Amino acid sequence: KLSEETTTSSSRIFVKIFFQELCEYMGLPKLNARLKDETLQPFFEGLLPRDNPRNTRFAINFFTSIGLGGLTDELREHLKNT
Amino acid sequence: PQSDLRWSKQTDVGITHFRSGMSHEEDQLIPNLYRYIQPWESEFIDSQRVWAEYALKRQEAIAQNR
Amino acid sequence: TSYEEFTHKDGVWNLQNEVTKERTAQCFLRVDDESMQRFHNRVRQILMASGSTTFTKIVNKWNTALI
Amino acid sequence: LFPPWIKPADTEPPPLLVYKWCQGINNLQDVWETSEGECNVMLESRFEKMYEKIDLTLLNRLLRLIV
Amino acid sequence: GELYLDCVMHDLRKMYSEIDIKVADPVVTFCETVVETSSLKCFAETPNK
Amino acid sequence: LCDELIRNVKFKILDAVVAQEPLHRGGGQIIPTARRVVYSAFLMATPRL
Amino acid sequence: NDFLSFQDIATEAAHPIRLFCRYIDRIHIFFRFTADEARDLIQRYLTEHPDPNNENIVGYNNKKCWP
Amino acid sequence: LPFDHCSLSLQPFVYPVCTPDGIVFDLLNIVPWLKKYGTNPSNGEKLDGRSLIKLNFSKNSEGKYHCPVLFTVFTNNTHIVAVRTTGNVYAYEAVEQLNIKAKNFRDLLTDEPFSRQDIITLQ
Amino acid sequence: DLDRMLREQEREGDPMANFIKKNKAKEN
Amino acid sequence: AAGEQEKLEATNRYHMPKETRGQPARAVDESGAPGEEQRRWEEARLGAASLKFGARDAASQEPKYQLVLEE
């Protein structure tokens, strides 16, 4: 769960390193295709809540501060219109 | 590892069989040296990460004069 | 590359792009035949000089050239 | 005096030199896209008789320039 | 059949030719059928149209 | 399909807009025209091996 | 520069000779050619060395260790 | 589909045969349709075995479906003129200028000279 | 070495420390 | 300093040594001696270890996503 209240700093660093190896060994448009399919959004809603929008802000700034950006542009426009 | 000698010259067909190195006393499990030497790609990646982190540590030591 | 990337036993360098930080190619790695020729000739030198060399020193020569 | 295209340099091992050469071929721009005949030519060669044909008077004239 | 064709290839390799001749894999031959009708009333015409 | 013999197909002719007395274009051109007709009618008829 | 940096992508592509590595005498050059320049070089090569039977293929030396 | 396809069989040239009427098609298609008819099936004009000419399934100094004299790729899409006496098809303008200015209907390697009046339309 | 453990965890990549640094850069 | 710099790359040329009758004549020189060689070896190891690829014009195609943060 991408929640800054509950997850540890080690958990955030772990998720950052895991997603960095994902973005290295396979492409980022392919990663967005793997991450934006509707079937795994019941399993992505822990990662992508789009609710309690300071956690959405944490997810946006986390996937930007890893070095990616991009993956939370949908969360960025969610934060814009909500 | 053993595979097809017909398709070994043309293609790459994976591993189908196994042959022993030499006849040793049953199980043995005598450890191979490649499982103690680190791979080159991991060595280069960890080298670049460690040297960049050392550069930031040296920059912080200069900046704080610590 | 057809299909997808190749999950390989460390003898293929997945080649990371400098810009996108993504693997864009694969570098299959093998050993030159003259390297095995020179290594076999080094073992042949070891057995050549083995006629007047103790067992511990033979093991040292083997282990030194091997590592 | 020596520009850093000249190898063996003291800075890197030859496996790291292999990795540097591979990543330099990797991180060029539009290098794999051969759609319009932009062919990629890898040439590995030698100098053969680079030693025995060195004239010492010409080397003297060239080294009076250097040192 | 395979025994018949091995006998034929043996006769070729021994009596009817002295040459060692490479043999490919044995396969079978097929025919062509259809499942549904031609969905287009399709036409052609002569070179003088 | 893959140069095999065609079997279990009924070839039903629907229209034949033929000029009366083809003669010069009937002297060896109907047979490749009919071959093109058979091939083209076989193509959209969803064939199987 | 270092071993494998230039000033610009234009400074790469201003010449077909892109990347260079001299290891004592072993010369390793990466070229990127265009189709017209490649055809012109082929034309001048066949101008000096005509081959109507297309015999240039069989004189090639390839890496036999690979499949 | 292209101009290199046969006139009768509508397939590309591998073992083609030409004719005196300028019709180049498949030899197997022209065999059964004109063995007893004796006429070219492009337009019904008469073309017997003496009128018909071979176009492929043979050997050459070039060794391909190219120009025998000009040594270039003179396909059916290109300006190709076929020598009826020789049976081979070369380029139109290049072999015409070679047989006119240089007076060379000969090959590049074989060097077999001929006349420029035997050229007919290959396509 | 739990002190070195928490020292590495505080001198690590630390995305929340990056958010504090960027938020103070934006507020300043 | 601009006049001295004009003299400095007036001096900084190729300027091959003259062939001298007999022994050559020694000229005057230098850099900072006390302590600087330790940092010279430190950044020598840093330059021998650190590595990058691409040309010097390689900062292009950067979208530079900023943090949206809290309003």
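Residues numbered from 1 in each chain as written, not as in the entry; some residues may be left out. Chains lettered and ligands numbered in written order. Part of a larger assembly, values for the part shown. Heavy atoms only, no water. Residues with missing side-chain atoms left out of burial classes, pairs and counts.

Listed as the method for this PDB entry is cryo-EM; the listed resolution is 5.9 Å.

Looking only at helices and strands, chain J has 2 helices and 0 strands in total. Computed over the C-alpha atoms, the radius of gyration of chain J is 24 Å, more than 25% above the 11 Å expected from 2.2 N^0.38 for a compact globule of 71 residues. Taken along the three principal axes of its C-alpha coordinates, chain J extends 80 × 30 × 30 Å. (Helix = DSSP H or I, 4+ residues; strand = E, 2+ residues; numbered from the N terminus. Rg over C-alpha atoms; globule rule 2.2 N^0.38 Å.)

Attention now moves to the sheet that holds strand 5 (residues 89-91) of chain H. All names here are of chain H. Strand order in the open sheet formed by 3 strands is 5-4-6, with antiparallel pairing between adjacent strands. Each edge of the open sheet carries a strand with a single partner, namely strand 5 and strand 6 (119-121). Between one strand axis and the next, the sheet turns by 45 degrees as a mean value, whatever way the strands run. Where strand 4 (residues 80-83) and strand 5 come together, 3 bridges link them in antiparallel fashion. Each residue of the ladder has a partner; that of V81, found in strand 5, is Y90. (Pairing = 2+ DSSP bridges. Axes fitted to C-alpha atoms, helices over the stretch in contact; angles between N-to-C directions.)

On to the sheet that holds strand 1 (residues 6-7) of chain D. Strand order across the open sheet formed by 4 strands is 1(D)-1(G)-2(G)-2(D), with mixed pairing between neighbours. Every other strand in the sheet has two partners, leaving strand 1 and strand 2 (40-45) of chain D as the edge strands with one partner each. Examined bridge by bridge, strand 1 of chain D and strand 1 (residues 17-23) of chain G share 2 bridges and lie parallel to one another. The residue bridging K7(D) from the neighbouring strand is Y23(G), located in strand 1 of chain G. On top of the sheet, helix 1 (residues 14-26) of chain D reaches strand 1 and strand 2 of chain D together with strand 1 and strand 2 (26-32) of chain G; it is set at about 175 degrees to strand 1 of chain G, its chief contact. (Contact = heavy atoms within 4.5 Å.)

A few words now on the environment of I58(C). Residues and elements named next belong to chain C. Residue position: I58 is located in helix 2 (residues 55-66). Each C-alpha atom, one on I58 and one on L47, is 8.6 Å from the other, the two residues being 11 residues apart in sequence. The residues touching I58, leaving out its near neighbours within four places in the chain, are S50 and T53.

Note that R58(B) is salt-bridged to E43(J), the shortest N-O span being 2.5 Å. Here the residue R58(B) occupies a position in helix 2 (residues 40-64), and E43(J) occupies one in helix 2 (residues 36-49), the pair thus bridging two chains. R38(C) is paired through a salt bridge with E34(C); the nearest N and O atoms lie 3.0 Å apart. Taken together, the residues span about one helical turn, with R38(C) and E34(C) both in helix 1 (residues 33-48) at a distance of 4 residues. (Salt bridge = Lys/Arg side-chain N within 4 Å of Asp/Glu carboxyl O.)

All right, on to the interface of chain G and chain D then. Contacts between the two partners involve 24 residues from chain G and, on the opposite side, 30 residues from chain D. Elements represented by at least two residues in the side of chain G that touches chain D include exactly helix 1 (9-13), strand 1 and strand 2 of chain G. In terms of residue count, the dominant contributor to the side of chain G that touches chain D is strand 2 of chain G (7 residues). Broken down by class, the residue content of the side of chain G that touches chain D amounts to 14 nonpolar, 3 polar and 7 charged. Sheet topology note: the strand 2 of chain D/strand 2 of chain G ladder contains 6 bridges and is antiparallel. Along strand 2 of chain G, the bridge assignment pairs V41(D) with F31(G). (Nonpolar A, V, L, I, M, F, W, Y, C, P; charged D, E, K, R; others polar.)

A separate point is the pairing of strand 1 (residues 12-16) of chain C. Residue and element names in this part refer to chain C. Note: strand 1 against strand 2 (residues 23-28), 5 bridges, orientation antiparallel. Looking at strand 2, one finds that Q16 is bridged to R23. Where strand 1 folds back on strand 2, the antiparallel hairpin that results is connected by 6 residues, among which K21 adopts a positive phi of roughly 55 degrees.

Our next topic: the packing of helix 4 (residues 53-65) of chain A against helix 5 (residues 73-81) of chain A. Residues and elements named next belong to chain A. Where helix 4 meets helix 5, the axes come as close as 9 Å, and the angle between the chain directions of the two elements is 145 degrees. Two packed elements cross with a definite hand, and for helix 4 against helix 5 that hand is left-handed. Of the residues in helix 5, those in contact with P53, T56, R57, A59, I60 and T64 of helix 4 are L75, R76, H78 and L79. (Left-handed = near helix turned anticlockwise from the far one by under 90°.)

Right, let's get into the packing of aromatic side chains. Between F18(A) and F19(A), the ring centres sit 4.9 Å apart and the planes meet at 65 degrees, which makes this aromatic pair edge-to-face. Taken together, the ring pairs in this structure connect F18(A), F19(A), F58(A), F62(A), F63(A) and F19(I) into an aromatic cluster. Sitting over the face of the ring of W66(G), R30(C) holds its NZ or CZ atom 6.0 Å from the ring centroid. (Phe/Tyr/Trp six-rings, centres within 6.5 Å; stacked < 30°, edge-to-face > 60°. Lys NZ or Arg CZ within 6 Å of the ring centre and 35° of its normal.)

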